[PDB]
>>> print(open('input.txt').read())   # compact mmCIF, C-alpha atoms
# COMPACT_ATOMS: atom_id res chain seq x y z
CA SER Q 1 15.98 111.74 -4.71
CA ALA Q 2 19.23 113.51 -5.70
CA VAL Q 3 21.93 115.91 -4.44
CA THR Q 4 23.20 119.18 -5.96
CA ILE Q 5 26.99 119.28 -6.42
CA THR Q 6 29.13 122.42 -5.98
CA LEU Q 7 31.25 122.61 -9.16
CA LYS Q 8 34.18 125.07 -9.05
CA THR Q 9 36.51 125.71 -12.02
CA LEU Q 10 40.12 126.93 -11.51
CA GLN Q 11 39.06 129.92 -13.67
CA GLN Q 12 37.13 131.06 -10.53
CA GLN Q 13 33.78 130.20 -12.12
CA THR Q 14 31.59 128.05 -9.85
CA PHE Q 15 28.11 126.69 -10.48
CA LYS Q 16 26.12 123.62 -9.31
CA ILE Q 17 25.13 120.23 -10.73
CA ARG Q 18 23.10 117.34 -9.24
CA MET Q 19 22.89 114.05 -11.19
CA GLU Q 20 22.58 111.08 -8.78
CA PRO Q 21 24.42 110.40 -5.51
CA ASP Q 22 26.03 107.27 -7.03
CA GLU Q 23 26.96 107.98 -10.68
CA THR Q 24 30.50 107.20 -11.93
CA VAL Q 25 32.50 110.46 -11.98
CA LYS Q 26 32.98 109.63 -15.69
CA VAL Q 27 29.55 111.21 -16.23
CA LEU Q 28 30.95 114.22 -14.34
CA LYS Q 29 33.65 114.85 -16.98
CA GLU Q 30 30.84 114.82 -19.55
CA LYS Q 31 28.58 116.80 -17.18
CA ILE Q 32 31.21 119.57 -17.06
CA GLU Q 33 31.41 119.71 -20.87
CA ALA Q 34 27.65 120.40 -20.89
CA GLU Q 35 27.53 122.33 -17.60
CA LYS Q 36 30.14 124.98 -18.53
CA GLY Q 37 30.23 124.12 -22.26
CA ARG Q 38 33.10 122.96 -24.52
CA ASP Q 39 34.89 126.23 -25.41
CA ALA Q 40 37.81 125.85 -22.97
CA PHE Q 41 36.69 122.88 -20.83
CA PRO Q 42 38.23 119.73 -22.32
CA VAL Q 43 38.50 116.34 -20.58
CA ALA Q 44 42.25 115.57 -20.70
CA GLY Q 45 42.84 118.12 -17.89
CA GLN Q 46 39.56 117.29 -16.10
CA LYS Q 47 40.60 116.82 -12.46
CA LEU Q 48 37.77 117.39 -9.93
CA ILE Q 49 39.72 118.87 -6.98
CA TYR Q 50 37.57 118.60 -3.84
CA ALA Q 51 40.34 119.28 -1.27
CA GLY Q 52 43.80 118.72 -2.83
CA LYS Q 53 43.57 115.37 -4.64
CA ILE Q 54 41.58 115.63 -7.89
CA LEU Q 55 38.63 113.20 -7.85
CA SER Q 56 39.09 110.74 -10.75
CA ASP Q 57 36.46 109.50 -13.22
CA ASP Q 58 36.66 105.85 -12.09
CA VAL Q 59 34.53 106.28 -8.93
CA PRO Q 60 30.83 107.07 -8.44
CA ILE Q 61 30.11 110.59 -7.11
CA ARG Q 62 29.59 110.80 -3.31
CA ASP Q 63 32.22 108.03 -2.97
CA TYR Q 64 34.81 110.66 -2.03
CA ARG Q 65 32.34 112.07 0.54
CA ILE Q 66 32.15 115.49 -1.16
CA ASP Q 67 30.23 118.27 0.60
CA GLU Q 68 27.79 120.63 -1.16
CA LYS Q 69 28.75 123.26 1.45
CA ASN Q 70 32.24 123.19 -0.12
CA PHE Q 71 33.35 123.56 -3.76
CA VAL Q 72 35.27 121.24 -6.12
CA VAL Q 73 37.99 123.13 -8.03
CA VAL Q 74 37.74 120.97 -11.17
CA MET Q 75 40.68 121.54 -13.54
CA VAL Q 76 40.45 121.75 -17.36
CA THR Q 77 43.96 121.89 -18.86
CA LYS Q 78 45.99 119.38 -20.95
CA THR Q 79 44.77 120.35 -24.44
CA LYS Q 80 46.47 117.76 -26.69
CA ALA Q 81 43.93 116.82 -29.39
CA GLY Q 82 46.00 117.51 -32.54
CA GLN Q 83 45.03 121.19 -32.81
CA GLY Q 84 43.40 123.20 -29.99
CA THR Q 85 44.54 126.06 -27.72
CA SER Q 86 48.25 126.87 -27.19
CA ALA Q 87 50.54 129.64 -25.87
CA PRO Q 88 53.09 131.88 -27.59
CA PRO Q 89 56.73 132.12 -26.48
CA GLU Q 90 56.22 135.75 -25.35
CA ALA Q 91 54.47 135.45 -21.97
CA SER Q 92 55.03 135.75 -18.19
CA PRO Q 93 55.31 132.85 -15.73
CA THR Q 94 52.61 132.55 -13.03
CA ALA Q 95 54.19 130.01 -10.65
CA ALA Q 96 55.45 132.07 -7.68
CA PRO Q 97 55.10 129.22 -5.16
CA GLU Q 98 55.67 126.44 -7.73
CA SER Q 99 58.85 127.83 -9.35
CA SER Q 100 60.79 125.29 -11.45
CA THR Q 101 64.49 124.90 -10.55
CA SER Q 102 65.99 121.62 -11.81
CA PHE Q 103 66.03 120.86 -15.56
CA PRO Q 104 64.67 117.31 -15.90
CA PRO Q 105 64.57 116.18 -19.54
CA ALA Q 106 60.92 115.19 -20.16
CA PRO Q 107 61.62 113.53 -23.53
CA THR Q 108 64.57 111.17 -24.21
CA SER Q 109 65.32 108.41 -21.66
CA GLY Q 110 67.59 108.02 -18.61
CA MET Q 111 67.75 106.10 -15.30
CA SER Q 112 67.92 108.98 -12.77
CA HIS Q 113 67.24 107.12 -9.49
CA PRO Q 114 70.21 107.14 -7.11
CA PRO Q 115 69.74 105.43 -3.74
CA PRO Q 116 69.68 107.53 -0.56
CA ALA Q 117 72.89 107.49 1.55
CA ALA Q 118 75.37 104.64 0.94
CA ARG Q 119 73.50 101.35 1.49
CA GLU Q 120 72.79 98.14 -0.46
CA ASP Q 121 72.57 99.49 -4.03
CA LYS Q 122 71.37 96.27 -5.72
CA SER Q 123 68.01 94.84 -4.56
CA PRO Q 124 67.62 91.13 -5.33
CA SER Q 125 64.18 89.62 -4.59
CA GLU Q 126 61.96 91.52 -2.12
CA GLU Q 127 60.81 91.36 1.53
CA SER Q 128 57.01 91.06 1.26
CA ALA Q 129 54.30 88.95 -0.43
CA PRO Q 130 50.79 90.39 -0.78
CA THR Q 131 48.43 87.44 -1.42
CA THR Q 132 45.95 88.14 -4.25
CA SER Q 133 43.33 85.40 -3.68
CA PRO Q 134 41.80 84.80 -0.25
CA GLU Q 135 42.08 80.98 -0.42
CA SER Q 136 44.82 80.32 -3.01
CA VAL Q 137 47.16 78.01 -1.05
CA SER Q 138 44.59 75.23 -0.46
CA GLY Q 139 44.31 71.47 -1.07
CA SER Q 140 46.80 68.86 0.20
CA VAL Q 141 47.23 65.80 -2.06
CA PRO Q 142 49.56 66.39 -5.03
CA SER Q 143 47.85 66.24 -8.46
CA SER Q 144 50.60 67.28 -10.90
CA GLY Q 145 54.07 66.14 -9.76
CA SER Q 146 55.90 68.42 -12.23
CA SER Q 147 59.37 67.86 -10.71
CA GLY Q 148 61.20 68.21 -14.05
CA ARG Q 149 59.85 67.12 -17.46
CA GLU Q 150 61.59 64.43 -19.57
CA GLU Q 151 63.45 64.85 -22.89
CA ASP Q 152 64.41 61.19 -23.49
CA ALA Q 153 65.58 60.27 -27.02
CA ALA Q 154 63.36 61.33 -29.95
CA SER Q 155 65.54 62.43 -32.89
CA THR Q 156 67.04 58.93 -33.32
CA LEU Q 157 65.72 58.05 -36.80
CA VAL Q 158 62.75 60.35 -37.58
CA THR Q 159 63.57 62.18 -40.85
CA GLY Q 160 61.49 63.68 -43.71
CA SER Q 161 58.87 61.00 -42.98
CA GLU Q 162 59.96 60.94 -39.31
CA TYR Q 163 58.33 57.71 -38.08
CA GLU Q 164 57.40 56.74 -41.63
CA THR Q 165 61.08 56.77 -42.60
CA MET Q 166 61.56 54.34 -39.72
CA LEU Q 167 58.28 52.59 -40.60
CA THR Q 168 60.04 51.51 -43.81
CA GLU Q 169 63.20 50.67 -41.84
CA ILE Q 170 61.23 48.02 -39.91
CA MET Q 171 58.10 47.25 -42.01
CA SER Q 172 60.44 46.20 -44.86
CA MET Q 173 61.17 43.09 -42.74
CA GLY Q 174 57.66 41.91 -43.71
CA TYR Q 175 55.46 43.47 -40.99
CA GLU Q 176 52.35 45.66 -41.42
CA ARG Q 177 51.99 49.47 -41.24
CA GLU Q 178 49.78 50.40 -38.26
CA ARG Q 179 51.18 47.50 -36.20
CA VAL Q 180 54.76 48.64 -36.82
CA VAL Q 181 54.27 52.29 -35.76
CA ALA Q 182 52.47 50.93 -32.68
CA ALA Q 183 55.55 48.77 -32.12
CA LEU Q 184 57.63 51.90 -32.78
CA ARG Q 185 55.51 53.96 -30.36
CA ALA Q 186 55.75 51.72 -27.28
CA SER Q 187 59.17 50.04 -27.69
CA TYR Q 188 61.26 53.12 -28.68
CA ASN Q 189 60.33 53.86 -32.35
CA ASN Q 190 63.39 51.74 -33.19
CA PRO Q 191 64.07 48.43 -34.94
CA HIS Q 192 65.59 47.19 -31.66
CA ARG Q 193 62.64 47.48 -29.26
CA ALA Q 194 59.98 47.40 -32.01
CA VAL Q 195 61.16 44.07 -33.53
CA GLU Q 196 61.53 42.44 -30.08
CA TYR Q 197 58.13 43.93 -29.19
CA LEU Q 198 56.78 43.61 -32.74
CA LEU Q 199 56.03 39.90 -32.78
CA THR Q 200 57.80 38.14 -29.88
CA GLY Q 201 56.64 40.86 -27.46
CA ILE Q 202 53.73 42.57 -29.24
CA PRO Q 203 50.30 40.93 -29.13
CA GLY Q 204 50.80 39.70 -32.72
CA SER Q 205 53.09 36.65 -32.33
CA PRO Q 206 52.78 34.38 -29.28
CA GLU Q 207 56.17 32.59 -29.24
CA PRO Q 208 56.78 32.58 -33.00
CA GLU Q 209 58.78 29.32 -33.21
CA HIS Q 210 57.13 27.68 -36.25
CA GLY Q 211 59.08 29.37 -39.08
CA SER Q 212 62.18 27.20 -39.67
CA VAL Q 213 64.18 28.75 -42.54
CA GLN Q 214 67.21 26.41 -42.40
CA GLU Q 215 66.94 25.14 -46.00
CA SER Q 216 69.73 26.99 -47.87
CA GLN Q 217 68.57 26.00 -51.38
CA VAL Q 218 70.30 28.72 -53.45
CA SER Q 219 73.29 26.76 -54.83
CA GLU Q 220 73.14 22.97 -55.34
CA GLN Q 221 73.84 21.70 -58.88
CA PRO Q 222 74.41 18.01 -59.63
CA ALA Q 223 77.16 18.47 -62.26
CA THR Q 224 77.20 14.66 -62.60
CA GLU Q 225 75.17 14.08 -65.79
CA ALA Q 226 73.64 17.37 -66.99
CA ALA Q 227 75.40 18.07 -70.32
CA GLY Q 228 74.51 17.01 -73.89
CA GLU Q 229 73.31 18.70 -77.11
CA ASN Q 230 73.84 22.39 -76.23
CA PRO Q 231 73.64 25.00 -79.00
CA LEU Q 232 76.10 27.42 -77.33
CA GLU Q 233 79.14 25.48 -76.06
CA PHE Q 234 80.21 24.09 -79.47
CA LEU Q 235 80.31 27.66 -80.85
CA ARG Q 236 82.05 29.11 -77.76
CA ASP Q 237 84.92 26.75 -78.65
CA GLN Q 238 84.58 26.92 -82.46
CA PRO Q 239 86.00 29.68 -84.68
CA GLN Q 240 82.50 31.21 -84.93
CA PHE Q 241 82.43 32.53 -81.35
CA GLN Q 242 86.23 33.07 -81.31
CA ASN Q 243 85.72 35.59 -84.13
CA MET Q 244 82.82 37.18 -82.20
CA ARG Q 245 84.77 37.23 -78.91
CA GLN Q 246 87.98 38.53 -80.52
CA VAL Q 247 86.43 41.24 -82.73
CA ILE Q 248 84.24 42.38 -79.81
CA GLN Q 249 87.39 42.84 -77.69
CA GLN Q 250 88.35 45.96 -79.71
CA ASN Q 251 85.25 47.37 -81.45
CA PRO Q 252 81.55 46.93 -80.65
CA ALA Q 253 80.78 47.52 -84.36
CA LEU Q 254 82.09 44.01 -85.13
CA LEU Q 255 79.51 42.34 -82.83
CA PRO Q 256 76.70 43.15 -85.28
CA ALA Q 257 78.99 42.70 -88.31
CA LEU Q 258 79.76 39.19 -86.96
CA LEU Q 259 76.34 38.17 -85.58
CA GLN Q 260 74.98 38.92 -89.07
CA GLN Q 261 77.99 37.36 -90.85
CA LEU Q 262 78.75 34.16 -88.90
CA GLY Q 263 76.27 34.39 -86.00
CA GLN Q 264 73.57 34.46 -88.72
CA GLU Q 265 75.10 31.68 -90.86
CA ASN Q 266 74.85 28.60 -88.60
CA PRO Q 267 71.28 27.70 -87.61
CA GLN Q 268 72.71 25.41 -84.89
CA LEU Q 269 72.85 28.50 -82.62
CA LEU Q 270 70.53 30.92 -84.45
CA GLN Q 271 67.54 28.87 -83.25
CA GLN Q 272 68.76 29.84 -79.75
CA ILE Q 273 70.41 33.27 -80.22
CA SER Q 274 66.97 34.68 -81.08
CA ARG Q 275 65.98 33.95 -77.46
CA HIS Q 276 69.48 33.83 -75.89
CA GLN Q 277 70.67 37.19 -77.31
CA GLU Q 278 71.07 38.25 -73.66
CA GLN Q 279 73.17 35.30 -72.42
CA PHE Q 280 74.94 34.67 -75.76
CA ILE Q 281 76.14 38.30 -75.76
CA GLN Q 282 76.90 38.26 -72.01
CA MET Q 283 79.61 35.67 -72.80
CA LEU Q 284 80.78 37.54 -75.93
CA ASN Q 285 82.21 40.25 -73.63
CA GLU Q 286 82.62 38.12 -70.46
CA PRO Q 287 82.28 34.34 -70.67
CA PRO Q 288 81.70 32.48 -67.39
CA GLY Q 289 84.03 29.75 -66.08
CA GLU Q 290 86.65 29.65 -63.28
CA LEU Q 291 89.41 27.18 -62.34
CA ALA Q 292 90.55 28.86 -59.09
CA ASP Q 293 87.79 29.28 -56.48
CA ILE Q 294 90.05 29.74 -53.42
CA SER Q 295 92.45 26.78 -53.04
CA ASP Q 296 91.65 23.75 -55.24
CA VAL Q 297 94.82 21.89 -54.21
CA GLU Q 298 94.74 19.71 -51.06
CA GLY Q 299 96.45 16.45 -52.09
CA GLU Q 300 98.61 17.36 -55.11
CA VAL Q 301 96.91 19.54 -57.76
CA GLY Q 302 93.26 19.35 -56.65
CA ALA Q 303 90.57 17.19 -58.30
CA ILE Q 304 86.78 17.72 -58.46
CA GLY Q 305 85.25 14.71 -56.66
CA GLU Q 306 83.48 11.65 -58.12
CA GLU Q 307 83.90 11.78 -61.92
CA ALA Q 308 82.77 8.17 -62.48
CA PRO Q 309 79.02 7.69 -62.95
CA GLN Q 310 78.16 4.00 -62.36
CA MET Q 311 81.72 2.59 -62.54
CA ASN Q 312 82.90 1.42 -59.10
CA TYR Q 313 81.25 -1.39 -57.09
CA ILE Q 314 80.23 0.79 -54.11
CA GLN Q 315 79.50 4.50 -53.52
CA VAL Q 316 80.90 5.19 -50.02
CA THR Q 317 78.64 6.60 -47.28
CA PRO Q 318 78.56 9.61 -44.94
CA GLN Q 319 80.50 7.58 -42.33
CA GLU Q 320 83.69 6.43 -44.11
CA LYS Q 321 83.74 9.38 -46.56
CA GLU Q 322 85.20 11.58 -43.79
CA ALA Q 323 88.22 9.24 -43.56
CA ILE Q 324 88.78 9.31 -47.35
CA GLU Q 325 88.20 13.06 -47.70
CA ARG Q 326 91.00 13.80 -45.20
CA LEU Q 327 93.14 11.02 -46.74
CA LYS Q 328 93.14 12.18 -50.38
CA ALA Q 329 93.47 15.67 -48.85
CA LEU Q 330 96.79 14.80 -47.16
CA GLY Q 331 98.32 13.27 -50.32
CA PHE Q 332 96.92 9.70 -50.32
CA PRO Q 333 96.01 7.75 -53.46
CA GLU Q 334 92.41 7.19 -54.66
CA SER Q 335 91.40 3.53 -55.11
CA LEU Q 336 94.07 2.56 -52.55
CA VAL Q 337 92.21 4.62 -49.90
CA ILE Q 338 88.53 3.77 -50.55
CA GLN Q 339 89.57 0.09 -50.45
CA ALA Q 340 92.40 -0.07 -47.85
CA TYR Q 341 89.92 1.66 -45.46
CA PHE Q 342 88.55 -1.81 -44.62
CA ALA Q 343 91.88 -2.62 -42.94
CA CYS Q 344 91.07 -3.98 -39.48
CA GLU Q 345 88.22 -2.28 -37.59
CA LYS Q 346 87.00 0.00 -40.41
CA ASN Q 347 88.87 2.69 -38.49
CA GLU Q 348 90.95 5.55 -39.90
CA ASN Q 349 94.37 4.21 -38.80
CA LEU Q 350 94.77 0.43 -39.20
CA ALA Q 351 94.29 1.15 -42.92
CA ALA Q 352 96.03 4.58 -42.98
CA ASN Q 353 98.40 4.05 -40.04
CA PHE Q 354 99.88 1.00 -41.85
CA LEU Q 355 99.86 2.90 -45.18
CA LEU Q 356 101.96 5.76 -43.74
CA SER Q 357 104.45 3.36 -42.09
CA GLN Q 358 104.77 1.64 -45.50
CA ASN Q 359 105.49 4.88 -47.40
CA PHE Q 360 108.36 6.06 -45.16
CA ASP Q 361 110.88 8.48 -46.72
CA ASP Q 362 114.42 7.05 -47.09
CA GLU Q 363 116.66 4.58 -45.22
>>> encode(input="input.txt", output="structure tokens")
Amino acid sequence: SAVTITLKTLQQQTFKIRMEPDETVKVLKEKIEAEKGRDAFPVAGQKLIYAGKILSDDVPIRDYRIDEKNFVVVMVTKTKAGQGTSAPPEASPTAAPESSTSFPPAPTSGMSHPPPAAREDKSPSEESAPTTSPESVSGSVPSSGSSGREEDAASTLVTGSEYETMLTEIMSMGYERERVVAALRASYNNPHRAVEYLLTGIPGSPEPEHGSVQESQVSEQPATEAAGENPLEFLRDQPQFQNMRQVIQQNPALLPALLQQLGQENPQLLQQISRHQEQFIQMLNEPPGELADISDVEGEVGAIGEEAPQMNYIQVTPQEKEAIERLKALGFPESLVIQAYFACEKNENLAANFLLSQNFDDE
């Protein structure tokens, strides 16, 4: 089964083909190259005219309803393949009916498209909507409520190590590594929400109330009987250290010249300087000691406290000491206060109250 096709070329040369009554016209373009040949029948200008509109090569033959009784004026122009056929400048025009008049610039650009008459020049939006799919607008329940995303706060601490830089900001407290980021991924990657939701809120510390740290044991010296036989204080006051603390306050070359001259003459300190070279020298340039903390002067000049180890008959307690502390702090005596306290009701007036009325000023 088949069907001959009337092929007509603009050159006035017609013939006949056949192929199948359902082959893409693309085979036609190639059928013409073999039907007429390839001397002056290229493909670029291959337009199969059957009655005005050239049949394209994207449809199967017989789809345009061609008629063998008629003829298809196929065209074969447009020869742009690098180097093919061309035309010299000396020639005559053959477009009587199709005579060119305007001079539209093919190359270059330009927006030649003026609107007809004087109406709405601009054209915002349109006035039609051709649906592409047959059943696109379907369904009913919402699945993705995308009514505006969320930016929230992210660049709050993340740096070179982003969350790791913060991981050290919190972990340093004494936490872990994976538990902290998790605390910094659900609380707000911050030491505020993470901490609160790191142990007291995170599933890692159910009511952490068993870590009492109210000890404060950093400074608490007795200073009541801790001094005797010290190879360092006798020199600090003797001429040995004075020569090492005076020569050092002008030239560091004397330190060695002295440590080897006097510092290396008395074994009383040498047996310690070998291991105390750090502290012994620390005092050579800056000896410790201070007689003015902030205001050592409540009563008159300011004493130290109890400078009598095993001397009095009692030792006061944490109940009456408050009365004496404020007494000697206002300008009261010493033994006259610790004793007079037992005036009438062991109060802070009968004993003081009468003491003040007895001091008076002048009559």
>>> closest_residue(input="input.txt", among="Q:100, Q:94, Q:6, Q:339", to="residue Q:74", atoms="all atoms listed in the file")
Q:6
>>> residues_around(input="input.txt", residues="residue Q:332", least_positions_apart="5", cutoff="12 Å", atoms="only C-alpha atoms", output="count of residues only")
18
>>> closest_residue(input="input.txt", among="Q:176, Q:57, Q:126, Q:229", to="residue Q:204", atoms="only C-alpha atoms")
Q:176
>>> closest_atom_pairs(input="input.txt", of="stretch 189-243 of chain Q", to="stretch 154-172 of chain Q", cutoff="10 Å", atoms="all atoms listed in the file", output="tab-separated table")
residue	atom	partner	partner_atom	distance
Q:189	CA	Q:163	CA	7.2
Q:190	CA	Q:166	CA	7.3
Q:191	CA	Q:170	CA	5.7
Q:192	CA	Q:170	CA	9.4
Q:194	CA	Q:170	CA	8.0
Q:195	CA	Q:170	CA	7.5
Q:198	CA	Q:170	CA	9.5
>>> axis_aligned_box(input="input.txt", around="stretch 257-270 of chain Q", padding_each_side="8 Å", output="lines of an AutoDock Vina configuration file")
center_x = 75.1
center_y = 34.1
center_z = -86.7
size_x = 25.2
size_y = 33.3
size_z = 24.2
>>> residues_around(input="input.txt", residues="residue Q:230", least_positions_apart="6", cutoff="12 Å", atoms="only C-alpha atoms", output="ChimeraX atom specification")
/Q:236,268-269,271-272
>>> write_last_selection(input="input.txt", atoms="C-alpha atoms", output="CSV table (one decimal), keeping the file's coordinate frame")
chain,number,residue,atom,x,y,z
Q,236,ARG,CA,82.0,29.1,-77.8
Q,268,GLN,CA,72.7,25.4,-84.9
Q,269,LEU,CA,72.8,28.5,-82.6
Q,271,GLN,CA,67.5,28.9,-83.2
Q,272,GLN,CA,68.8,29.8,-79.8
>>> residues_around(input="input.txt", residues="residue Q:279", least_positions_apart="6", cutoff="10 Å", atoms="all atoms listed in the file", output="compact mmCIF listing (two decimals) with C-alpha atoms, in the coordinates of the input")
# COMPACT_ATOMS: atom_id res chain seq x y z
CA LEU Q 232 76.10 27.42 -77.33
CA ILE Q 273 70.41 33.27 -80.22
CA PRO Q 287 82.28 34.34 -70.67
>>> residues_around(input="input.txt", residues="stretch 244-253 of chain Q", least_positions_apart="6", cutoff="8 Å", atoms="only C-alpha atoms", output="MDAnalysis selection string")
chainID Q and resid 259 284:285
>>> residues_around(input="input.txt", residues="stretch 39-54 of chain Q", least_positions_apart="2", cutoff="9 Å", atoms="only C-alpha atoms", output="ChimeraX atom specification")
/Q:7-9,25,28-30,32-33,36-37,56-57,64,66-67,70-81,85
>>> atom_distance(input="input.txt", atom1="atom CA of residue Q:201", atom2="atom CA of residue Q:153")
21.4 Å
>>> atom_distance(input="input.txt", atom1="atom CA of residue Q:5", atom2="atom CA of residue Q:19")
8.2 Å
>>> atom_distance(input="input.txt", atom1="atom CA of residue Q:360", atom2="atom CA of residue Q:296")
26.3 Å
>>> build_atoms(input="input.txt", residues="stretch 290-316 of chain Q", atoms="N, CA and C atoms", output="PDB file, keeping the file's coordinate frame")
ATOM      1  N   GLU Q 290      85.561  29.299 -64.246  1.00  0.00           N
ATOM      2  CA  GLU Q 290      86.650  29.650 -63.280  1.00  0.00           C
ATOM      3  C   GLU Q 290      87.356  28.383 -62.797  1.00  0.00           C
ATOM      4  N   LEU Q 291      88.662  28.386 -62.800  1.00  0.00           N
ATOM      5  CA  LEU Q 291      89.410  27.180 -62.340  1.00  0.00           C
ATOM      6  C   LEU Q 291      90.235  27.519 -61.089  1.00  0.00           C
ATOM      7  N   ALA Q 292      89.798  28.480 -60.321  1.00  0.00           N
ATOM      8  CA  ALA Q 292      90.550  28.860 -59.090  1.00  0.00           C
ATOM      9  C   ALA Q 292      89.607  29.499 -58.070  1.00  0.00           C
ATOM     10  N   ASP Q 293      88.740  28.718 -57.481  1.00  0.00           N
ATOM     11  CA  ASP Q 293      87.790  29.280 -56.480  1.00  0.00           C
ATOM     12  C   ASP Q 293      88.557  29.936 -55.325  1.00  0.00           C
ATOM     13  N   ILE Q 294      89.279  29.160 -54.561  1.00  0.00           N
ATOM     14  CA  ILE Q 294      90.050  29.740 -53.420  1.00  0.00           C
ATOM     15  C   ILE Q 294      91.323  28.923 -53.163  1.00  0.00           C
ATOM     16  N   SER Q 295      91.246  27.624 -53.281  1.00  0.00           N
ATOM     17  CA  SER Q 295      92.450  26.780 -53.040  1.00  0.00           C
ATOM     18  C   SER Q 295      92.186  25.336 -53.485  1.00  0.00           C
ATOM     19  N   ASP Q 296      91.914  25.136 -54.747  1.00  0.00           N
ATOM     20  CA  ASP Q 296      91.650  23.750 -55.240  1.00  0.00           C
ATOM     21  C   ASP Q 296      92.959  22.965 -55.326  1.00  0.00           C
ATOM     22  N   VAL Q 297      93.545  22.652 -54.200  1.00  0.00           N
ATOM     23  CA  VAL Q 297      94.820  21.890 -54.210  1.00  0.00           C
ATOM     24  C   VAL Q 297      95.132  21.351 -52.805  1.00  0.00           C
ATOM     25  N   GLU Q 298      94.485  20.287 -52.412  1.00  0.00           N
ATOM     26  CA  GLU Q 298      94.740  19.710 -51.060  1.00  0.00           C
ATOM     27  C   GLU Q 298      95.758  18.578 -51.144  1.00  0.00           C
ATOM     28  N   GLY Q 299      95.495  17.592 -51.960  1.00  0.00           N
ATOM     29  CA  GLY Q 299      96.450  16.450 -52.090  1.00  0.00           C
ATOM     30  C   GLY Q 299      97.648  16.887 -52.935  1.00  0.00           C
ATOM     31  N   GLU Q 300      97.483  16.942 -54.230  1.00  0.00           N
ATOM     32  CA  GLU Q 300      98.610  17.360 -55.110  1.00  0.00           C
ATOM     33  C   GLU Q 300      98.210  18.578 -55.946  1.00  0.00           C
ATOM     34  N   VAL Q 301      97.348  18.390 -56.909  1.00  0.00           N
ATOM     35  CA  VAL Q 301      96.910  19.540 -57.760  1.00  0.00           C
ATOM     36  C   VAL Q 301      95.486  19.953 -57.393  1.00  0.00           C
ATOM     37  N   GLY Q 302      94.662  19.010 -57.020  1.00  0.00           N
ATOM     38  CA  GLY Q 302      93.260  19.350 -56.650  1.00  0.00           C
ATOM     39  C   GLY Q 302      92.301  18.772 -57.695  1.00  0.00           C
ATOM     40  N   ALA Q 303      91.522  17.792 -57.323  1.00  0.00           N
ATOM     41  CA  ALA Q 303      90.570  17.190 -58.300  1.00  0.00           C
ATOM     42  C   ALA Q 303      89.181  17.826 -58.144  1.00  0.00           C
ATOM     43  N   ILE Q 304      88.154  17.149 -58.582  1.00  0.00           N
ATOM     44  CA  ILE Q 304      86.780  17.720 -58.460  1.00  0.00           C
ATOM     45  C   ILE Q 304      85.946  16.880 -57.487  1.00  0.00           C
ATOM     46  N   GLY Q 305      86.033  15.580 -57.582  1.00  0.00           N
ATOM     47  CA  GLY Q 305      85.250  14.710 -56.660  1.00  0.00           C
ATOM     48  C   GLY Q 305      85.015  13.347 -57.316  1.00  0.00           C
ATOM     49  N   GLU Q 306      83.777  12.964 -57.485  1.00  0.00           N
ATOM     50  CA  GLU Q 306      83.480  11.650 -58.120  1.00  0.00           C
ATOM     51  C   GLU Q 306      83.169  11.831 -59.606  1.00  0.00           C
ATOM     52  N   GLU Q 307      84.139  11.618 -60.455  1.00  0.00           N
ATOM     53  CA  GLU Q 307      83.900  11.780 -61.920  1.00  0.00           C
ATOM     54  C   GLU Q 307      83.685  10.414 -62.574  1.00  0.00           C
ATOM     55  N   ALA Q 308      83.018   9.519 -61.896  1.00  0.00           N
ATOM     56  CA  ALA Q 308      82.770   8.170 -62.480  1.00  0.00           C
ATOM     57  C   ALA Q 308      81.332   7.722 -62.198  1.00  0.00           C
ATOM     58  N   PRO Q 309      80.449   8.060 -63.103  1.00  0.00           N
ATOM     59  CA  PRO Q 309      79.020   7.690 -62.950  1.00  0.00           C
ATOM     60  C   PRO Q 309      78.832   6.187 -63.188  1.00  0.00           C
ATOM     61  N   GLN Q 310      78.369   5.468 -62.197  1.00  0.00           N
ATOM     62  CA  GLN Q 310      78.160   4.000 -62.360  1.00  0.00           C
ATOM     63  C   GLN Q 310      79.433   3.331 -62.898  1.00  0.00           C
ATOM     64  N   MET Q 311      80.448   3.229 -62.081  1.00  0.00           N
ATOM     65  CA  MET Q 311      81.720   2.590 -62.540  1.00  0.00           C
ATOM     66  C   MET Q 311      82.301   1.716 -61.430  1.00  0.00           C
ATOM     67  N   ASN Q 312      82.340   2.218 -60.225  1.00  0.00           N
ATOM     68  CA  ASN Q 312      82.900   1.420 -59.100  1.00  0.00           C
ATOM     69  C   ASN Q 312      81.862   0.403 -58.604  1.00  0.00           C
ATOM     70  N   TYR Q 313      82.210  -0.383 -57.620  1.00  0.00           N
ATOM     71  CA  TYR Q 313      81.250  -1.390 -57.090  1.00  0.00           C
ATOM     72  C   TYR Q 313      80.424  -0.789 -55.949  1.00  0.00           C
ATOM     73  N   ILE Q 314      80.981   0.157 -55.241  1.00  0.00           N
ATOM     74  CA  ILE Q 314      80.230   0.790 -54.110  1.00  0.00           C
ATOM     75  C   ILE Q 314      80.079   2.292 -54.354  1.00  0.00           C
ATOM     76  N   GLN Q 315      79.670   3.023 -53.353  1.00  0.00           N
ATOM     77  CA  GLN Q 315      79.500   4.500 -53.520  1.00  0.00           C
ATOM     78  C   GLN Q 315      79.858   5.223 -52.220  1.00  0.00           C
ATOM     79  N   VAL Q 316      80.520   4.549 -51.314  1.00  0.00           N
ATOM     80  CA  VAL Q 316      80.900   5.190 -50.020  1.00  0.00           C
ATOM     81  C   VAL Q 316      79.663   5.726 -49.300  1.00  0.00           C
TER      82      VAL Q 316
END
